[PDB]
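Trainee: Give me the fold of what follows.
(6 chains, ligands or ions: 2)
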Amino acid sequence: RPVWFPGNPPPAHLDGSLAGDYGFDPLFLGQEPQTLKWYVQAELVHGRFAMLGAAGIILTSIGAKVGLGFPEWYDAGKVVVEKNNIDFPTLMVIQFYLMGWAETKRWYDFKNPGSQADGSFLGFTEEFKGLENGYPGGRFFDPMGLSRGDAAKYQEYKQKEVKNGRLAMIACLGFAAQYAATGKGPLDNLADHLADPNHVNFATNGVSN
Amino acid sequence: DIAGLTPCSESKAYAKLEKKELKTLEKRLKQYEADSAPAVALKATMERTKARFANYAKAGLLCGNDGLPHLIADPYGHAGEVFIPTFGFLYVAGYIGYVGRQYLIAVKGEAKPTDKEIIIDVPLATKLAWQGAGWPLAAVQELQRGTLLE
Amino acid sequence: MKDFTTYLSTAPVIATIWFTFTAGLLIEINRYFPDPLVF
Amino acid sequence: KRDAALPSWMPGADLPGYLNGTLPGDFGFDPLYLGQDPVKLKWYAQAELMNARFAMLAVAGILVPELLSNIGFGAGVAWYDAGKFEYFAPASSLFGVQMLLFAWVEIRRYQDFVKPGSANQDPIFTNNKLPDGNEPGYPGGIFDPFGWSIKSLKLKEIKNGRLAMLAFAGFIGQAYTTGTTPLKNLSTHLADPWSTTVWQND
Amino acid sequence: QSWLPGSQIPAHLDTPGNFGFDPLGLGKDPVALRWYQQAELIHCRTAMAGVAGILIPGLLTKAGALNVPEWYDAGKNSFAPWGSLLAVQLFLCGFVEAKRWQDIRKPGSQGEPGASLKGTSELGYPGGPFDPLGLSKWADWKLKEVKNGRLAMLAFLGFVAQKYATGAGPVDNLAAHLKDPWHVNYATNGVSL
Amino acid sequence: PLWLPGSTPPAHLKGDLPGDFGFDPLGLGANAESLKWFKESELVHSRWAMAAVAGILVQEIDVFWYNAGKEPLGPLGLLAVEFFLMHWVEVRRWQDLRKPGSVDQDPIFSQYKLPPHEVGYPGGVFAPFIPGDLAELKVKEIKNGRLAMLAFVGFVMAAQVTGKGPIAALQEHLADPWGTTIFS
Ligand SMILES: CC(/C=C/C=C(C)/C=C/[C@@]12O[C@]1(C)C[C@@H](O)CC2(C)C)=C\C=C\C=C(C)\C=C\C=C(C)\C=C\[C@@]12O[C@]1(C)C[C@@H](O)CC2(C)C
Ligand SMILES: CC1=C(/C=C/C(C)=C/C=C/C(C)=C\C=C\C=C(C)\C=C\C=C(C)\C=C\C2=C(C)CCCC2(C)C)C(C)(C)CCC1
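Mentor: Numbering: from 1, shown residues only, chains lettered A, B, ... in the order given. Ligands and ions are numbered 1, 2, ... in the order given. See below for the structure:
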């Protein structure tokens, strides 16, 4: 089966069973199977936050590069804060409560398969079940029920999801290391590169990075 | 005041110890421009050193004929000098000690205990670590129960 | 890595990963609360 | 697990069990499940009636003296600004006597709730007694002197009570925002109802 | 009934207010658990009481019914010495708490043939003359009693901390917030906790 | 009969439903729970679009349908009588899903009942003329339906681009077909 480093065989602990399994753990981190069950969720969420974030910049930025209204992602927190009524400390604390709640419940599904399933909440029993470490599903997490549709159709998406996940994580960090090295927006970094690509590279200003 | 010694908030020598230290740093700061790096340090130290003196004058310690703050160690003008800190220690030391007790005993019954003194069971220790927060309530109850002594 | 972690949980390694923690903690607290003779 | 063939409030939905159609005015409404434990249904069932009959009296006490005072007959004021200071005794006493006369009647009624036949006879003119009802909240005798004997009738009581209880909640609410009598709130609504909803007034 | 659904409740609570909370494992010793249960019960009763005489005064004052001071400033006033008041109090409570303490040691102990019908009931719930109205199948009261208690225990710690931070009445604090909730917080003051 | 001739439909679409032309690239209709719901939203959606695109045209056979928002019973006065009437009606349709028969009986005049019927196709009162016959109509319904649904988004993007309604945007296209497209 296909691998990250063609020829070099993939390490035992990778089956070809998990989504985006290209025999890549050169540092033996995720060897003990529990400690990898943990990383397959870190990677998913990281990628899901990264995807929302990348989609999140990629739309504001064209919105700012389409009409002189929207702010650049870097200096677009204060612009939300100052202009609008709201404060920083409370948001940051409100967030921590809701995210605190949301996480602390996912927190106790890693260690206990079907824990929050017990209805010990708002009588919502069947929505907070296990299913598969990383995909909770039910009427809330998978409303349309692609989760409970077909065997292959869902398997292929796990594949799509992790890949987009890993590309958005790259994409995001570029946004973050491109504002840094050039002090401009990602459709000023993209317009400057389309007009004169041979010259407007890193080679100019963006060093080894 | 207590032992006839003056309060630092009033005393002359203490307020002349302010002057000498500050006026040591202002004889240095001359030898540098105001925009420079070390000037921001010899200003920041001064600010801190002048703040420090102010914060014992507000604390209300007893300063002697020396000009230095002496301490009070029995009863209630000067509780916070020793009487409060004192408990701080006996707690955190008692914390450390009782965690260490609960570790060695928790290992004791496991074929070869000596291995766990070296290759320390971290996830055992880090559970005993938090448990050792409420230690005086356990320490008392253990002295009661009569499992504390051989 | 069962083996690598047992080594990281060896006495001299834990001591050092513990002391850099309780050292920092005391340097840290002496930064934002500088120069204490009370509290 | 829940009756099939009796009054519902969401037709098609499920009455839970404990609401059997036993009590009077059960169409099986208890979303929060407050009537679960049959001890607690016993209280609430009675609690409802008391709260019902005070509202139905009170709301009549509120509306009528406006309905008449506008037709113009002799003392008529605002149902809240009425109790301010204008009576033959002071505030203090009128409460004392009120609290006394009740404290009596209520501990009488309460003993009847606790034990079904405990209080049914006069303790002074001891030949005088109200009959063997065996029905706390529906005690009868004196209290049914014209003698309406029916399930029919015991609905019509709690239905009128639920409606009256609200009407009174409204009166609190409506006064607190608008600041006139509830027939004056209904006048101004009837003059231009469309431009005078709550949302208009909020 | 669990305090963190998924967390394995520690063995030493086999459901005898028990929502499974004892992380540091104080009550693993069933000696300690019986002792600690009445600490709670006493802590609840006092606090429910105490807070009732912080709030119900404090709420009626704004209402206008009673011209009561704020609970920090109800100490300071002329009638008797405080030394006396504390002494007479410390005297009077010390007697009665000693009658509780011997009950906690030897439950029946407070019924010696020699004025004692205040024998006991079950441990922490003395009843009889402590239960005028007499209430006893619905012992759900027993539940609320702890819950309404822990709520009130927190409430006071709140009072103490939230005057240390804003220096104003709880009935004020409640309004200040209700007036601009998003700019008057935990998060917009002296100290971040 | 298929959206893309020579295709195989997806497994879950079997030509039972009306206007099943083997179309679910994202297996939306995969789970029977969801596909039962989606059936309704696709009826009702077209029914609202058919009703609305029927309106836009015939109301302009005038002024901009889009700025019709600006028209004798105040705003909040009218939004109420909508809210309660729409809340009333929509809940009762939503019970017929919650349980397939749960509602059919006239809560007032319980003498009159709506006869046993397939979901989202109620009839009785609502099929007076009993017109053209059997399923075929339900397949006109969803076809004529989708066309109406599409046309609406048209009508919207047509407003939000030209400024004019539908019939004027067409008259503009006729005047300069080669010129009045999106590609100019
Ligand atoms: C908060 C509190 C207790 C907190 C303890 C906690 C969280 C325990 C939890 C845990 O143990 C568990 C379960 C399990 C463990 O593994 C972990 C921890 C986490 C350790 C008690 C407060 C208790 C609060 C009390 C008792 C306060 C009572 C109030 C009074 C009487 C005050 C008096 C006055 O206010 C009046 C009435 C009128 C005014 O005018 C004047 C004065 C005089 C000021
Ligand atoms: C107050 C004060 C003071 C004084 C003091 C004193 C006088 C003391 C004494 C003391 C004493 C007289 C003591 C005794 C003791 C005894 C004993 C006998 C002990 C024991 C111990 C133990 C047993 C321990 C244990 C433990 C724990 C608990 C924990 C940890 C671990 C261990 C094991 C160690 C001064 C002035 C200085 C200062 C100020 C304050």
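Trainee: only C-alpha atoms for contact and neighbour calcs from this point on.
Mentor: OK.
Trainee: tell me the contacts of residue B:109?
Mentor: Residue B:109 is in contact with no residue at all, counting by C-alpha atoms under 8 Å, 6 or more residues apart in numbering or on different chains.
Trainee: Look up phi and psi at it.
Mentor: The phi and psi values for residue B:109, taken as degrees, to the nearest 10, are phi -80, psi 80.
Trainee: Equivalent analysis for residue D:117, please.
Mentor: When read as degrees, to the nearest 10, the backbone of residue D:117 gives phi -120, psi 20.
Trainee: ok, now how distant is it from chain C?
Mentor: Using C-alpha to the nearest C-alpha, to the nearest Å, residue D:117 is found at 71 Å from chain C.
Trainee: Skipping adjacent residues, who's closest to that residue in space?
Mentor: Leaving aside its sequence neighbours, residue D:117 sits nearest to residue D:134 (C-alpha to C-alpha, 6 or more residues apart in numbering or on different chains; 6.1 Å).
Trainee: quick one, what contacts residue A:65?
Mentor: Contacts for residue A:65 (C-alpha under 8 Å, 6+ apart) come out as residue A:187.
Trainee: so how far is the helix or strand encompassing it off the chain centroid?
Mentor: Here residue A:65, judged by DSSP states H and E, is contained in helix A:33-66. Distance, stretch centre to chain centre, for helix A:33-66: 2 Å (C-alpha atoms, centre = their mean, to the nearest Å).
Trainee: What helix or strand is the residue positioned nearest the centre of chain C located in?
Mentor: Centroid-nearest residue in chain C, with C-alpha atoms, centre = their mean: residue C:21, separated by 1.8 Å. Using DSSP H and E, residue C:21 maps to helix C:11-32.
Trainee: Can you point out the buried residues in that helix?
Mentor: Neighbour counts over helix C:11-32 (16 or more other C-alpha atoms under 10 Å in any protein chain shown) mark residue C:14 as buried.
Trainee: That helix near chain E anywhere?
Mentor: No. For a cut-off given as C-alpha under 8 Å from any C-alpha of the partner chain, helix C:11-32 has no contacts with chain E; the smallest distance is 13.9 Å.
Trainee: OK, contacts around residue 153?
Mentor: In the absence of a named chain, this looks at chain A. A:146, F:27.
Trainee: right idea, wrong chain: chain E
Mentor: Contact analysis of residue E:153 by C-alpha under 8 Å, 6+ apart lists E:43, E:44, E:47, E:48.
Trainee: Now with 6 Å, please.
Mentor: Contacts for residue E:153 were tallied using C-alpha atoms under 6 Å, 6 or more residues apart in numbering or on different chains; they are residue E:47.
Trainee: After the helix or strand containing residue B:101, which helix or strand is next?
Mentor: Using DSSP H and E, residue B:101 sits within helix B:83-108. Using DSSP H and E, the helix or strand that follows helix B:83-108 in sequence is helix B:122-131.
Trainee: List every C-alpha atom in that following helix, with coordinates, as CSV.
Mentor: Presented in CSV, the C-alpha positions along helix B:122-131 are these (Å, rounded to 0.1, in the frame of the first residue of the first chain):
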residue,chain,number,x,y,z
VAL,B,122,5.6,8.7,38.0
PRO,B,123,1.8,8.2,37.6
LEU,B,124,1.6,6.7,41.2
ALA,B,125,3.6,9.8,42.5
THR,B,126,1.5,12.4,40.6
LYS,B,127,-1.8,10.9,42.1
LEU,B,128,-0.2,11.0,45.6
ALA,B,129,1.0,14.5,44.8
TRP,B,130,-2.6,15.9,44.6
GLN,B,131,-3.9,13.6,47.4
